[PDB]
Structure formats: structure tokens, C-alpha cells
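Working notes, beginning with the structure itself.
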Amino acid sequence: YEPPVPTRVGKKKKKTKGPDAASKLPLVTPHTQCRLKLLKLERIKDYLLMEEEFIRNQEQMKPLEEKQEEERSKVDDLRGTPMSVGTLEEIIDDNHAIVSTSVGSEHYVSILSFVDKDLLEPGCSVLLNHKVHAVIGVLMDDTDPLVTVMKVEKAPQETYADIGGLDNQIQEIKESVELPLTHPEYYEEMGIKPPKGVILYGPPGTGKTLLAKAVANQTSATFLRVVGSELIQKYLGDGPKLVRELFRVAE
Amino acid sequence: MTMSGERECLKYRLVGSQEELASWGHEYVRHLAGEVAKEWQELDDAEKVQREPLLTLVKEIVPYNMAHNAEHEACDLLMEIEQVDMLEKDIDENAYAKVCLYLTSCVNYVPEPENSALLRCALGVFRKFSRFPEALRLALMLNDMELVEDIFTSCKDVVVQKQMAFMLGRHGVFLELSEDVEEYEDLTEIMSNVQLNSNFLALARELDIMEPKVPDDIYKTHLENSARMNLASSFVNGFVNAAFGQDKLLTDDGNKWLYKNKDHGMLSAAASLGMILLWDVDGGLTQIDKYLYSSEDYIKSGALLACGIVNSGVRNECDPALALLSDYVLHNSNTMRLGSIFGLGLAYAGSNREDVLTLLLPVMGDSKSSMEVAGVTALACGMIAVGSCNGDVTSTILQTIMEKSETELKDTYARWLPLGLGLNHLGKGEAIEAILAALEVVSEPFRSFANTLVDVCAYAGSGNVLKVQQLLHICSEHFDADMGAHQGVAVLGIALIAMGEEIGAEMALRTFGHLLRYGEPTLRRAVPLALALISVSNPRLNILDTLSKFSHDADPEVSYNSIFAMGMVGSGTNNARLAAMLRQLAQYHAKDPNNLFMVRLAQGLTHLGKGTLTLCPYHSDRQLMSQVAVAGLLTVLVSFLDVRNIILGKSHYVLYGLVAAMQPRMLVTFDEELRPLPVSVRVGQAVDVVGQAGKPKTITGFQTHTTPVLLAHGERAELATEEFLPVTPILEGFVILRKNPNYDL
Amino acid sequence: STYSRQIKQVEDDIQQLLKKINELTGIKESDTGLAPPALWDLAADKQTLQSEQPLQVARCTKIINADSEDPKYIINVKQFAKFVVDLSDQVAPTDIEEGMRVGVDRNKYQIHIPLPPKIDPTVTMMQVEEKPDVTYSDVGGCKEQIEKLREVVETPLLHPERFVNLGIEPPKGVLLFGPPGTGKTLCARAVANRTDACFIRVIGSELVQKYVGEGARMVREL
Amino acid sequence: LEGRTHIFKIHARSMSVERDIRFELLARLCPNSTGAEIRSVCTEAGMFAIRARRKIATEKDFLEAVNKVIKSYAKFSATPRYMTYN
Amino acid sequence: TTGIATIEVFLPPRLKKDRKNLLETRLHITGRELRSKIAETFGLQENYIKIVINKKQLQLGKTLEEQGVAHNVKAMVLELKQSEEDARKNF
Ligand SMILES: Nc1ncnc2c1ncn2[C@@H]1O[C@H](COP(=O)(O)OP(=O)(O)OP(=O)(O)O)[C@@H](O)[C@H]1O
Ligand SMILES: Nc1ncnc2c1ncn2[C@@H]1O[C@H](COP(=O)(O)OP(=O)(O)OP(=O)(O)O)[C@@H](O)[C@H]1O
Ligand SMILES: [Mg+2]
Ligand SMILES: [Mg+2]
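Chains as they are written, first to last, in UniProt numbering: chain C, 25 to 275; chain E, 131 to 355, 367 to 621, 644 to 908; chain U, 39 to 260; chain H, 348 to 433; chain Y, 79 to 169.
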């Protein structure tokens, strides 16, 4: 006997998350309403028109068992009901993995073909068949209650106009958290990466949080707020674990 | 303009006051300009008397459009009315680049006869404004042999002219200059690529990669937790240090390694010595002679093809390669013959030289020539006369095709005869209806394959969707193999047609997935090859992930073809991620020698030339189509449709066809005296500059390196400073730099 | 603006064509982790669900009478139970050793496949899968530092032949120390980019764990 | 000094610097400075140029960047406390 | 003219000489005599060279006119490793 060898490089999932999937149409330039854009727009339409005719012809002569709604129905039959939720412990092979159910019992089950294999990572929540425990799906993890705490869902109502006298301070903070996103070309044409970090320091009440609130009001990026005292945890390693998770949500 | 305005907005304009048009507003003329094109199509031939005031407006609308930077709308006007000619008279110095850059981008989608016509007007503008280097680029795209001479000799600045020979030599088109032309010698020397070896060797000396590489350093078996193995490592050896001239495995006591191979393994192992001396015509010939006297049948014939590989891509004045191999094209042993024609095909690919062709033509008609020899002669003659529509080769290739038997055409080596005919008409277009009529008389199913293949090579790099429409219909009807052999060519056809512009190529990737889903085995075995052709030396993740999932497929050919496609997609890129995948695939396919041979073949290709070479058929900002490179690629991938019998069989020397497609991904900036001139340049991903006015950046995510740097696919280069004015805007290959008079004022 | 009316007409058709294509091909769900249908081998999956039985993960504890022709294996099936079982006939007796995880069926619990040792998912995530974008050319003023770093951590793996011939055992450890910002992690990022062997990044604060002996466990599994 | 000039060359490689940026002089203006400070000096030097709507970083911009990073930010410098540890 | 032909030869880049060098000789002489003098005229060793003229290898026995050479013909010099007899005798 010889150990199975994976064809996938590594054990981690694909970095890309939340893409356009197969709707990634080519980026047509220029955006101006001209004939070249019209020619490119027709060009994309032409291939789709070919695509529609080609796919229809195959499915027309495809067997009644092999149909888009029939195969989807067969997938549900293969998955079954209920759909147990487990934990991915190890990816032994491309189509084999070690999973553990909620009772703590591990199983050496087979990852079925319809499973999104690039969402598979150790520790992820996997969906298993009730009977044969085979991997039949991956549970899109719900937003952690820890995520909701950091995220400021609604931007604060404090603007830069509500700040008086911190003209230089606004200008310095804008250039590291606002300008790099609004006008990233300024940094690229200069060849400089934007100032990495920023710290606001001074006497109490001087407007440190207020400028951050103004930053959160006029930001297109996700804003995560954590007070430093919230990093003191009641258990060993949890504090380091929390700092690790905070920047994981940021990623 | 408030309502529909059908034959009204122009009418009161036409009949009313004839004052200056812009006095009524920019938005008014824009609607007015949109009208004059709409009514132009409606007007028939009998309505020629109705365009007298219609013409007057466009002589004023175009000058109005260029005044307010609304230049791209000006091209949109006279392209619709098919009157692009009058643009050049009103082109100013402040917008000549913007007008050219726009309509040249439309040449990838507008069909004939507006295809050439739009280029001709752009050609006229560049000729008018004395922008010779970009005028020559347009001429080659139109494959106007006559116009190339006129563009070349019109210029008087000799410094400007040597730059063209670099561009002309890179495209592989030869010009026979007159001795009366000043600086005749170096002009030929530059375009004949005789100095390419020294320039290539001097480059890598600056990159300090002269150290030879063993296949073990590529394999990295020490991190891993036979005749095929030895023959596989021969390719991996030659590919890694191709055109480098030094090898720790063949030059150093090559007899033990060369004889470690067996049967046809020694054929490719011996020929691999000519690939490490690629472009080294003088020095490379000095090394193959030791194996040229070998008593074994394969070694000499392998050394025969090695000379052709050595002289491939280099055109010297006085011809060695024909001499060493002419005496063996009728040699009684087919293997001795076999190493000859494929040697001549690579040695003179894209030459259209009647000397080699007439010497090679009777070989295919010989009684002693087997079908294996018959195929390579069509392949080779196709490379010499690629895209030339040579009348002589068409007659004999057709003659051979119908003279063969019904059972003879069943052999997969017979598939090569159509490619030779297809190669001759590479990119020619509709010049095949006479040829396609001749293919009617030949028997089935070979006729369907031959009809599909030659039609595909006709429209190579054209993007003609109507032709791709036919190709998908051929793929539509499935057959429950023998009758569906032609289906693989149609899939390779879609890539060969859509490889023109980016929009079509990416739009073809999704259609490749559907053939990869609804397809049948013989239809699904070729779509990995289409991915390789459509994106060779372009290791984009979408194709690689698509190929990665399908490397371990149930169908052996799909597994074999997909892995090879990964290597060709990353050919010469030295991609760290791809090498990791190929190393992992080696572990998975350890117990499958056939799959592992494909994995080993891919590992050699991704480290081709130590990352200093590319197989992409496109250069000049991915706008110029190289006839020789497509011939080299097409030879390999069309041979991969029968990967069981040809590549994995006794005929793996066909993998040396991509030698014709080997070029260095080069940026070497030369002084006016052709000496090296290292300066700071900015290398980064190209950005489309069509549309937006002003000065938009054409590179993003760029970095600053010295000049002798290897440019990856899709990476443009701009000079960081203004110390030197490039002769040509396109900063690829060898570039001549001139001191800027305004600089250091 | 003259093409504005026609551009939206073809843009909407493309969107309508795109949605129509998704109707036949199928681009949906993605919340139960369903792969695109291009990778769906339903015929094979049905065969796997019958031909390939599921195997429960168990650890061998003792082999009884290994010398004889009736070797009996005591297995610990996680939290389920402990069973004295015999080996399956499609695996070799020499392939199962005491203390090694095995895969057992649900009916007679006979060992069907040996399994890799259990590793903490956190420890598994410690190995670098995407190399950094930093090379040694991005480290300046550390010429002597890098050569010492490379000849211990890079040279032995790249060219091991130069050390075995001379009977040399190269050092197996390097400590990089200096004030913050001096390039300690920068050089290690260059090492991971250039290295071909497995690279595992372990931050010391990651080894601090809530429970007693857990931090030492992760070092053992690492 | 040689190492600091080398780090300056590394981080100012992709910058849009002027003709005669005296990188040896800039390396001399920060005697005991980590490579992290040198990178920030390069970033702030181009950051002053962005401030002035200028596409090329002059030598004065680097001189101001050295003052802001090496001199003004010397209160928070971790170097003096950590050389005793190393 | 007067029984002497203009033979332009090519030299390898290792011998850093003028690659556009001119060789003058009779036509009644043979290939064996030719190979000797090309070595002398540009400082080379005759035992380790092949000559090719009119895109066909210089057959040493056959005389020039019966070889097929003509006026303003172009030639080259190929450096050799191991002699033609030595290479055959090697294995
Ligand atoms: N410069 C200012 N302009 C306008 N309002 C200000 C300014 N400085 C402080 N304030 C007001 O003071 C309030 C409280 O100050 P803030 O929360 O910003 O303090 P801080 O600077 O973060 O200090 P700390 O957290 O140390 O107490 C703000 O909500 C804001 O309305
Ligand atoms: N020798 C160097 N050459 C070039 N850049 C350097 C050099 N040393 C540091 N840098 C730059 O400074 C940054 C400092 O980060 P780095 O990871 O090197 O710090 P460190 O020495 O590990 O610090 P700490 O002890 O706080 O962890 C690097 O990311 C790099 O951009
Ligand atoms: Mg506060
Ligand atoms: Mg660190």
C-alpha cells in the first residue's frame, strides 16, 4: 500500500473570495459611448450568441437523465436530507478527507464531485451526508458575532467639517487612510507605498476619536473599531488569539 | 434633436443657413453628425447628387471635433460613411497619436474590406507625419510585401532605419536591399539576426545565469517525500539551457548520456544538442559535427535535425544548413531522411526560398518516402512557405493528398499534409475557396479534417466570428473518434482564430469550458491544446486552474494534453507557482510513465531558456502576428491530437517544432552604434490608453529595472527618465536610444 | 452620445444572454459550497457512494500475536468504543504499526487503510503556501548576514552533495537578532520566497494556549 | 553608511526621484537608523511631492522627510532602548 | 576576370576578425588546396575546418569549376572539434 498523493498544491483554500464567478466578462475600454466600445460590446455579444446556440444543441440531444434541472435534482438525491454539519480535519487526497461530526467522532469520507473543492480548508465547516458522511458541501460560515462587534455598520454622522483647528491633522490622516483609496494613482506615479500605519496621540478630549469618526464617515473601506482595553482577555492566549482574529476579519 | 429627427435635423441644417456649424452648439453637431451617418446608409447610388452639402459638413465637423479633444468621435463619423480617407488631410501634430491609436484598436473587430482600409488610413497618417517606426508596424500587420520596401527606403535618417531591421528581423521577414543604400551591411546584419546570439549571450551574462542547469535541479527530486525517463530528461535538459551554448550533461562526455537513451529516444536526445546552440549558427555547427559522424542511424539523423534547430530563426547570407542536409533528403533509410526535412523546415521556416522548397518538394512524391516522411515534408515546406500562398507547394501537397489511399489516409501522420497546405495560407483569409474546392474531391473522413484545418489556418489571428460560428457547429454534432477526428481541429481552430485580440481570447475561454463540459472524448481531448495556443507563455491563473483540475482526468489524452498545456501556457515564464504544481503532478503521476513524461515535458517548458525565452507568436505590444512562430506552435499542437501515437510514440521530434517559435522576451536598448546602453526603465502591466484624453498612464503596478530585463507577457515598458528618446514607441526587443536635445538644456 | 442608444441595447442583450446562459449552465447556490456544474461527475459520485464505504478513524493500540498467522489489532475508535479487530485482506500486515491511526469500517471494524498522524488544524495552517514577494535583492546592508543565513538554511538543501562528500554536518539553526526594523523578518520572508522545501512560519504568540500543556503539544505536532 | 545608502537605493528604486539625489548624504543624516526608517523617509519624501502636486521628488523633499522621520519622530524611536537588549 | 574569382568568406566570432574579408585564388585548384590557404590567409588551423561553397559542402577532391563555384561566390569557415579522421576513429 502507498499513501494517496494530492494533485492540489497545498492544504489551504483559494485566496480569492466573493468574485464575479463566470460573469467575469472582459473589461471593455474605453467607457466612452463610441463605436469601438460598440464594436467590443458586439464582440462579446457575438460569442455569447454562439455560446447560447452551442449549449442549447448539446442539451437538446442530451439524455433525459442528464439535464440541468435533472442533474440538480440528482445532486439533492446524492446529498440527501438531513445534511449534517461537520468539521474538516485533514484533506487526505483530492477526493478524500478526514471529517469530524459534532459528537467528536472522526470519519474518513469521500469528497463528492459537486463539492466546491477550493473552499475546503482544515477547520472549515463541511456538510456531510447523513448516512455515508461523505463530503457533499461546504457551509458558508455565518458572520461571527465577533465580526459584528468590530464592524461599524453605519458610518458616524461626524464629518471633517465638524472638526475645527485640526487642519494639519486631517491632512496627514487623510493621506494614509483616505487619499490612497480615492486617488491611488498619486502613489503609483510616484512609486511609493502609502504610509503604512498612523497613530493619533495627544491630551484627552483633543479630537483623536473624532477624526477617526470623520474617517469612518467618508471611507469606502470596512471600518473595524476595537478599544485597546478589549484586548485584555480573561484566558491565556485569548488576547493574542483575538488580535489575530481582528486582522483576519480585516483581511 | 428633441424628437427622433429622421431626415429632419439635417434637412433644416442642409437647406437653412450655411454658416459655421459649431455656432449652434457642440451637442447640436453631435446629433447632427450622428444624423449624417444615418442618412448616408439610406442614400443609394442614385442619390449621389444629394451629398453636396453633406460632404461640406464633415469637412467642418472633423476640425470641430479635434479642437475640443473630442477626437474619437471624429473617427466614428467617417468610419460609418466609409470615407476614412479625408481624415489625414486635417490631422494635426497634437492628435496624430490619439487618432491612430483609436482606429488601430478597431482593426481587431471591423471586417473586410474595412479591415485593411482602416489600417491604410492610419498608415497614411504615420507616413505623413514622418513616424516611420510605427508606420512599419502597421505595414507588417497588413502583410504588404510591397509596402515594406517603400516604408523602409523612404526614410533618410539611417539611425531610424536600423531600428526597423530589428523589428523586421524579429518578425522574420527578409528584405533584399540594394547595395546603393547607405549602411547596407549592418542593416542586413541587424535584420538577419546574426548578432542575436551575441546579444542573447551578453544579456544573460548580465543576468548571471550562464551556469548550466541539470534536469535534477529542475526536477528537485530530493524534496520528493527507463527509456521514457531518459528521453524525457533530454528535453528537460535542452529546454532549460536552450540557446545558451553550455550544458553540464551533453557537452561533458555526451556519449554516456546520449547512449543512455534508446530507440527514437536517441533521435531527440541527439537533436537536443542543437537546441542548446539555438541561434548559434557558427559555434553550434562546431559542436554537432562530433555526433554527425556517428555510426548509429539515430545519432547522425538526430544531429542532422540539430543543424536545422541551430540555424532556426537565423538567416545568414551564405547557407550552411541546406548544404549539410541536402545530401540526405533522399537517403535510403527513412530515419536519415526524417532528420533532414524537419531540419530544413526549422532552418528555413518563414523563408519562402525556392532553393530549399524545390530541393524538398520531390521528397514527398518519392516512393521510398513513408507516411511519416510524407507528413514532415508537408510540415517543413509549410514552415518555409508559411502565409505565402506558394503555388508550387499547393499543387504537390494537393497531389499527394489525393494520391494516398483510403487506408493510407487513416494513418494519423497523414494529418500533417493538410497542415502544410494550411501553413501556406496562414492568415491569408478567403484565398482558400479555390483550395477548399480541391479538397472536395478527396475521400472522407479525411476531407472533413482537411477542410476544417486549412480553413482554420486561413483565418488565424483574424477573429472572424462567422468562421468561429462554423467551427462551433462542427463541434455541435457528436458522433458515437474515427468520424469525429476533425472535431479536435475545430476546437484548436477557435483558439487559432480568437488569438487576435484580448476580448475575443477571453470570450473564447468560457466557450472552451463548455466544450470541456458537454464535449465527447475526441472533442474534449483538444481543448487543453486550444488553451495552450490561445495563451502560450501567458500563465494566467484562470487557464492554469482550469488545466489544474483536469490534469488527473479519466481520459489519458486529456490528462496528457492538459499537463503539456500547463507547461506551454507557462513556457519560458519560470513561474514558481506553476513549477510547484508540476512538481506535485510528478508525485501524483509517478507510477504512470506516460503521464509523468508529460509532467516532465511541462517542467522543461516552464523553465525554457532559464526564463529568457518565449513561445508567444505575438510581439509589438501583442499586435504583430509572427508567421514562423504560429507554424512552430501549430506543428506541435496539431501533432498532439494523437498524443498516444506521435508524441508518446516514436515521433517526439515534432516537439522541436516550437524551436521556430522561440524568441527572447527582450528589452535591450542600444546606442546609435548598436552598443549596450543600460538605463532606468519602468516595467509593469500594460493599460489600455484608448478613449480617455490627456496623458493617461499605460502601465500599472510597475517597477524600475535596468534595461536588459525580461518582459513577461502583457508587461509594457516606459523609460523612467527622459534622457533618451526611443526610436520606436514600442519598447520591446532591441531598441535604439537617442539623446534628447531638450534634456539637460 | 450617438451610440448611447445602441450600446444600452446590446448591453442589455448581453446581460439577458448572460442570465440565459446561467439558466442552462447553472451559476447559483454557492452557499452550500456547490461547485460549478462543469466539474460534476454525477455518474462517478453514485458509484463512489456504493463502491466506497465510509471509514471511521481509529487508532491502533496493540497487536496481539503478531508472529502467528492470526494477528489481532486493538483499536480505539475516538469517542465511540474500543474493539479487538483483525486486519483486512486488501492491506499488508506490515503496513499497520502500534500507535498509528487507521481507517475501519462500520460493520466489523476491520482496519481498511492506514492514516496520516493527526495534526492540529492551526499547526497545519502554519506552513507557508504562497511565498512572499520579497527577494534578497530587497535587503540592503546585510551582505554578510545573508551569506551566513543562506549557507545554513538555503545551501544545504539546494546542493546537499557539497557537504556529504566532505563529511560536513551543516548547522541546523539560525537566530536573527537586532533592534526593530533591522530586517529580521524581511530576511526570513526572502528565505521563504527562495526556498524550495516546506516553510512553516510560527509566531511565538501563536504558541501561547489557554490550557495546560497545550502549547507544548503544538510544538510536538509542529 | 554603505548599508544605509544601499537601503536608500532599494526603496528609492521605483520612485520618481530627481537627477542628483545625494543618497550618500541622506544616509549620513541618519547615523543610527533602521532600514524601516529609511523606507519611511523614502515614502514621506514622495509624500511631500504628492502634497505639492509634484510628480518628481526633489532632494529637498528627502531632507524634509529625514527631519520628519529621523528627527521629529526620534521621541518614539525604538532603537535607543533596543540596542541595550541586542 | 583572368581566371580569379571573388570568394567572400565568413569567419567565426571567436576569431575577432573582419567578417567581411576577401579571399582570392585560382579556379583550377581543388578543394584540398583551398582548405589549406583559407587557414593561412586568416590565421587558422587547417586540420579543424570545414568549408562550404555555393550552399554545398566543399568536396575536397573535386576541382572548383567542376564543384560548381562561380564569380562573387560566398563562403564561410566552420571551426571543428576533433578532425574528420579523428571523429570517425573516435568510436
Ligand atoms: N478639534 C475639535 N473640533 C471639534 N470638536 C472637537 C474637537 N476636539 C474635540 N471635539 C469634541 O470633543 C468630543 C470628545 O472628544 P473625542 O472623543 O474626540 O476625544 P479624543 O481626542 O479621542 O480623546 P480621549 O479618547 O483621550 O478622551 C468629540 O465628540 C467632539 O465633538
Ligand atoms: N536591510 C533592509 N533593507 C531593506 N529594507 C529593509 C531592511 N531592513 C528593514 N527594511 C524595511 O523595514 C521594514 C521593517 O520590517 P521587518 O520585518 O524587516 O522588521 P524586523 O527587524 O523584523 O522588526 P521587529 O523586531 O519589530 O519584528 C521591512 O518590511 C522593510 O521594508
Ligand atoms: Mg477616544
Ligand atoms: Mg519581525
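Just so you know, even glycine gets a beta-carbon here, dropped at the ideal spot from N, CA and C.
Counting only residues of its own chain and dropping the five nearest sequence neighbours on each side, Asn-738/E has a CB closer than 8 Å to the CB of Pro-702, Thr-769. A distance filter of 7 Å between CB atoms and the heavy atoms of ligand 4 selects the following residues in sequence order: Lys-222/U, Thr-223/U.
The beta carbon of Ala-226/U sits no closer than 7 Å to any beta carbon of chain E. Taken through DSSP and simplified to helix, strand or coil, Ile-112/U comes out as strand. Of the heavy atoms belonging to ligand 1, at least one sits nearer than 6 Å to the Cβ of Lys-232/C.
With fewer than 16 other Cβ atoms from the protein chains shown falling within 10 Å of its own Cβ, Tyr-906/E counts as exposed. Interface flag for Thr-390/H against chain C is set, since a Cβ pair is found closer than 7 Å. Across the stretch 82 to 95 of chain Y, CB contacts with chain E closer than 9 Å involve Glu-86, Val-87, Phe-88, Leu-89, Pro-90, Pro-91, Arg-92, in sequence order along the chain. Secondary-structure assignment with DSSP links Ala-849/E through a beta bridge to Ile-862/E. In summary, the residues of the stretch 865 to 883 of chain E whose CB is separated from some CB of chain H by less than 9 Å are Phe-865, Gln-866, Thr-867, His-868, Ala-883, in the order they occur in the chain. At a cut-off of 7 Å between C-beta atoms, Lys-169/U does not count as an interface residue with respect to chain C. By alpha-carbon distance to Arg-92/Y, the top candidate from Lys-258/E, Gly-424/E, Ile-899/E is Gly-424/E.
In the three-state reduction of the DSSP assignment, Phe-256/E falls in the helix class.
Listed in chain order, the non-local C-beta contacts of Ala-368/E below 6 Å within the same chain comprise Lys-403, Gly-406, local neighbours out to five positions each way being set aside. Where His-649/E is concerned, the enclosing alpha helix (DSSP H) starts and stops at 649 to 661. DSSP, reduced to helix, strand and coil, places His-156/E within a helical segment of the structure shown. In the DSSP assignment, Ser-149/C is bridged to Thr-111/C.
Of the heavy atoms belonging to ligand 1, at least one sits nearer than 6 Å to the Cβ of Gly-189/C.
Here the stretch 339 to 346 of chain E lies against the stretch 382 to 396 of chain E, with 3 or more beta-carbon pairs under 8 Å apart. Under a criterion of Cβ atoms nearer than 8 Å, the residues of chain H adjacent to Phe-215/U are, in order, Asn-433. Here DSSP, grouped into helix, strand and coil, assigns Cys-459/E to coil. Beyond the five residues adjoining it in sequence on each side, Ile-65/U comes within less than 8 Å, by CB distance, of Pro-74 in the same chain, given in chain order. Taking every protein chain shown into account, the CB of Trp-557/E has 16 or more other CB atoms within 10 angstroms, so this residue is buried.
Its Cα nearest to that of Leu-539/E, the residue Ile-573/E stands out among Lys-509/E, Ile-573/E, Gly-528/E. Shown in chain order are the members of the stretch 124 to 146 of chain Y whose Cβ falls below 7 Å from a Cβ of chain E: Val-130, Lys-133, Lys-134, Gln-135. Closest in C-alpha terms to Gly-854/E, from the list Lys-35/C, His-55/C, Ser-47/C, comes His-55/C. In the structure shown, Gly-486/E adopts helical secondary structure according to DSSP, grouped into three states. By DSSP's assignment, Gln-826/E forms a beta bridge with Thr-777/E. Per DSSP, the unbroken alpha helix (DSSP H) holding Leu-170/C starts and ends at 169 to 174. The secondary-structure analysis by DSSP pairs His-782/E across a beta bridge with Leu-787/E. Boundaries cannot be given for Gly-229/C, as no alpha helix (DSSP H) includes it and DSSP labels it neither H nor E.
At a cut-off of 7 Å between beta-carbon atoms, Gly-393/H makes contact with chain C. Taking the C-beta atoms as reference points, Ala-765/E is found no nearer than 7 Å to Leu-796/E. The beta-carbon of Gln-247/U is placed less than 7 Å from the nearest beta-carbon of chain C. Proximity of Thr-223/U to chain H, defined by a Cβ-Cβ separation below 7 Å, is not satisfied. Here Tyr-132/C is bridged, per DSSP, to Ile-122/C, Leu-93/U.
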